[PDB]
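Next comes just one chain, in structure tokens: the form deposited in one PDB entry.
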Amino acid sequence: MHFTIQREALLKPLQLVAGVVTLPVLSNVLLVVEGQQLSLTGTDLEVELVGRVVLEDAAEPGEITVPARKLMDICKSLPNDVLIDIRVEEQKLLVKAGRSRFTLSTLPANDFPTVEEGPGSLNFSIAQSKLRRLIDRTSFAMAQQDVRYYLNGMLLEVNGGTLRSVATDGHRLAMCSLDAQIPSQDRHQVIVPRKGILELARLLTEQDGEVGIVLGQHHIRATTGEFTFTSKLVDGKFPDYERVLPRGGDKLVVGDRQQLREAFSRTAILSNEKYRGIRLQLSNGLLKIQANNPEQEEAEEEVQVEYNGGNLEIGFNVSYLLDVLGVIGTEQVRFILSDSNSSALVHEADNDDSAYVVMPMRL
């Protein structure tokens, strides 16, 4: 195995694969030269990322794994635009560029873990920005290290022509729905584990770009010109999210998103550091927000909101409210509430595309 490559050409995909990179082989990147193509692969056994770069000078084929962080750091630290000569010699990777010589230890290609790569049951393409939006609008809702396996990840659902993302930790929910012109078929649902979905969202930087998606029984695949991403899915059945969404809420409240966010963060300072309880007292054209902690400290704040109807005292985790408010993209925010024991449904001002559910706390 031997090739030459520019520092920049190698660094781009090598930085991509290094973002996914404990068994020792898992900290290596798999390098494969087939013809004039270099493929770089990184995996953490849940997610596999592959980067492809075209080689210009003649290249001798082969394959090998080398420590990813160390190759990337070596490549990063080299002078700009320098040509790098990479060769395998006696279980070692030899790297030459200019007047610098590096020898790296290697593990055999066969040791590197592989993925099933099935055709799947559905595929479509979509604008990277649209897929990224579904994830960014809902990702905070995901549960972290919950015993229920399904909670630690994001549901992606195709139904009719519609792509939908749902995330919930069992206390709060975030859902977003987009018209994707996906051909009508049966409902398709996948649960992409938390780490993989966040990684995927970060990867979708091409604003005018497309992403090819494959849904299977055990994997999702995202493919673009730069990379091919594969994640294992969460085995299990996602809860019926439809039941969680509150319905028939009598009270409707409209408020300035920025004023509510600032008033909630101000009061949050003196709320219980673990439970983050905030008390809301709603009355005609008025929201009182109060916060108390174990040291008997108190923050109070009043905000004028558009609201007409019965008084309502209700408790909510302030962090949850702030998570919602920080993804609402409109100046105003709509809150839909019923009673003290019932959850809140939050929408953008004019749009039902994203919906947020926040269950209350006992006061």
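When you see a residue number, it is the position in the sequence shown, counting from 1. Take the two forms, superpose them, and find the largest set of C-alpha atoms that agree within 1.5 Å; that set is the rigid core.
The same protein also exists as the form deposited with a partner chain bound; that form is not shown, yet it is the one meant from here on.
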- Answer yes if any heavy atom of residue 165 is within 4.5 Å of a heavy atom of the partner chain in the bound PDB entry; otherwise answer no. no
- Given that the partner is absent here, does residue 151 sit within 4.5 Å of the partner chain in the bound PDB entry, heavy atoms only? yes
- Proximity of residue 216 to the partner chain in the bound PDB entry, heavy atoms at 4.5 Å: no
- Spell out, yes or no, whether the shortest heavy atom distance between residue 193 and the partner chain in the bound PDB entry is within 4.5 Å. no
- Message: Between 120, 255, 277, 239, only one gets a heavy atom within 4.5 angstroms of the partner chain in the bound PDB entry; which residue is that?
- Response: 239
- Note which of 113, 170, 209, 183 lies within 4.5 Å of the partner chain in the bound PDB entry, where distance is taken over heavy atoms; exactly one does. 170
- Query: Are 21, 47 and 228 jointly within 4.5 Å of the partner chain in the bound PDB entry, each by at least one heavy atom?
  - Reply: no
- Query: Hey, of 156-164, 131-139, 198-206, 172-180, which bit sits against the partner chain in the bound PDB entry at 4.5 Å between non-hydrogen atoms?
  - Reply: 172-180
- Note on the structure: The mover among 236, 161, 113, 170 between this form and the one not shown, judged by a CA shift of 2 Å or more on the rigid core, is 113
- Item | residue 80 C-alpha relocation of at least 2 Å between this form and the one not shown, rigid core basis | yes
- Quick one: core overlaid, is residue 89 moving 2 Å or more at the Cα between this form and the one not shown? yes
- Message: My question is whether residue 47 is one of the residues whose C-alpha shifts by 2 Å or more between this form and the one not shown, given a fit on the rigid core.
- Response: no
- Query: Between residue 148 and residue 245, do the C-alpha atoms lie closer or farther in the bound PDB entry than in the shown form, with a difference of 3 angstroms or more?
  - Reply: farther
- Note whether the distance between the C-alpha atoms of residue 230 and residue 148 decreases (closer) or increases (farther) in the bound PDB entry, against the displayed form; the change is 3 Å or more. closer
